[PDB]
Every structure is written in C-alpha cells, then in structure tokens.
Amino acid sequence: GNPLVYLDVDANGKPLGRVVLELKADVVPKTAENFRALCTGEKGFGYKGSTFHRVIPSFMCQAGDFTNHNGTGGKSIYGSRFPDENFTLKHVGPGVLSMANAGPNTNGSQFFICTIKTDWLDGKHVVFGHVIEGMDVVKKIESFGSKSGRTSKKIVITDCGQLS
Ligand SMILES: Nc1ccc2cn[nH]c2c1
C-alpha cells in the first residue's frame, strides 16, 4: 500500500511528538517517492535536522528547506526541481499535505501541512498526502507561527523516516 512516514518535531529543544503522514503514491507516485526518500535520507540528504521556517496560524505549517533553512532552497531526489505531477487531490481541510512551490513546476523538497481548507491552492499546489496521526503536534507548531510566517520558537524535525 501507500507509504507511511513520520516526522518527530522539537520546539525549542523539547519534543512535541510525532506527525505520521500517508503519502498517496497511488495518485502521485513521483511526488510521494520524493517525500518518502527525503524522510529516510537514503539518497544522502533529506529532512532530518531541518526546520519549519514558515508557519501562519489558521493557514499552514511549512518546512523542508534543508539547504538554506529560509524558504528559498531545498532539492528533490530527481534534481533541483521537478514538475507538478497532477492536481487531482484537493486542499479539502486541516491535515492536507501539499508541495510548496515558486510557481508552476518548481517542486523541490519544501512542503506544508494545512490547518484549514485552502481551496484557492487547488490547481496550483500538488497535494500528495495527509496527516494520519499527530494533528495535536501540528496545532502546537501552528500556535508558534505568526501572520508574517516568522516562527516564535525554533521548530526542528529532529528525526524522520518510513514506517511502512
Ligand atoms: N521548491 C520551492 C518551494 C518554495 C519556494 C520558495 N522559493 N523558492 C522555492 C522553491
């Protein structure tokens, strides 16, 4: 079946817990595979040690820039950027996992977890999974955001990997 992966997240050096994500490889296999491999670190790089750098309350929590840690960087397992696979899955509510980008066909490693329905991103960002477990952790992360996206705590993915 679809991969299950995890992110263990600290805030200011203390653990918040685990976010478990289902990756919809059935619908977006290339996008799911990128995220899966970045969680395991098996290509020699990935999310371990990187941050949630942009968090906006009542919107989303964004992470995955493991090169620049500021939202300008990141890279995929295929190359620096890769195409929008499809827009079949929609931003239907809290818990949606979707690719951050800088316009059409600029997927790398940055991603976000929605804390509300973000329907205006449909057809613009590739949704590729959702939160199976740990929405409590996501709500904690969300609470350390601001309107500008600047976080009020240092939010770090201390560990990550694949469960199945
Ligand atoms: N892949 C990717 C995702 C978000 C942003 C923002 N600037 N550059 C990016 C590149």
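Residues numbered from 1 in each chain as written, not as in the entry; some residues may be left out. Heavy atoms only, no water.

What the deposited record gives as its method is X-ray crystallography, and the resolution it gives is 1.40 Å.

In the nomenclature of the PDB entry, the chain is known as Peptidyl-prolyl cis-trans isomerase F, mitochondrial of Homo sapiens. In UniProt, the chain has this text filed under Subcellular location: "Mitochondrion matrix". (UniProt positions renumbered as here; feature names shortened; annotations may be inferred.)

### A few points about the UniProt feature "domain: PPIase cyclophilin-type" in the chain
Listed under "domain: PPIase cyclophilin-type" in the UniProt record, and renumbered for this structure, are residues 6-162. For residues 6-162, the helix share is 13%, the strand share is 31%, and the end-to-end C-alpha distance is 6 Å. (Helix = DSSP H or I, 4+ residues; strand = E, 2+ residues; numbered from the N terminus.)

### Things to note about helix 2 (residues 135-143)
Among all positions in helix 2, only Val-137, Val-138, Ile-141 and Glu-142 are buried. All buried residues of helix 2 project into a common sector of 145 degrees when viewed along the axis, lining one side. (Buried < 20%, exposed > 50% of the residue type's maximum accessible area, 1.4 Å probe, protein only. Arc of directions from axis to C-beta.)

### Observations concerning the site of the ligand
For the ligand, the full set of nearby residues is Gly-71, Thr-72, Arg-81, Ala-100, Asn-101, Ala-102, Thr-106, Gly-108 and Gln-110. In this structure, a nitrogen atom belonging to the ligand sits 3.1 Å away from a main-chain N or O atom of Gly-71. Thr-106 places a main-chain nitrogen or oxygen 2.9 Å from a nitrogen atom of the ligand. Contact with the protein chains removes 82% of the 260 Å² of surface that the ligand exposes when unbound. (Near = heavy atom within 4 Å. Polar contact = N/O pair within 3.5 Å; in protein donor to acceptor, adjacent residues only side chain to side chain. Areas by Shrake-Rupley, 256 points an atom, 1.4 Å probe, with all protein chains shown as cover.)

### Observations regarding helix 1 (residues 29-40)
Note: α-helices contain 3.6 residues per turn, so residues at a spacing of three or four share the same orientation. Helix length check: helix 1, at twelve residues, gives a terminal C-alpha distance of 16 Å against a target of 16 Å (1.5 Å per residue), a fit within 8%. Where helix 1 is buried, its residues touch strand 1 (4-11), strand 2 (14-23), strand 5 (96-99), strand 6 (111-114), strand 7 (127-133) and strand 8 (155-162). (Expected span 1.5 Å × (residues − 1). Contact = heavy atoms within 4.5 Å.)

### Remarks on the sheet that holds strand 7
Pairing in this open sheet of eight strands is antiparallel, and the strands run 3-4-6-5-7-2-1-8 from one edge to the other. Looking along the sheet, the strands with just one partner apiece sit at the ends: strand 3 (52-56) and strand 8. Sheet twist, expressed as the average angle between the axes of neighbouring strands with direction ignored, equals 25 degrees. Inspection of the sheet shows strand 5 paired to strand 7 by three bridges, in the antiparallel sense. By the bridge assignment for strand 7, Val-96 is matched with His-130. Contacting strand 1, strand 2, strand 5, strand 6, strand 7 and strand 8, helix 1 crosses the sheet at an angle of about 110 degrees to strand 8. (Pairing = 2+ DSSP bridges. Axes fitted to C-alpha atoms, helices over the stretch in contact; angles between N-to-C directions.)

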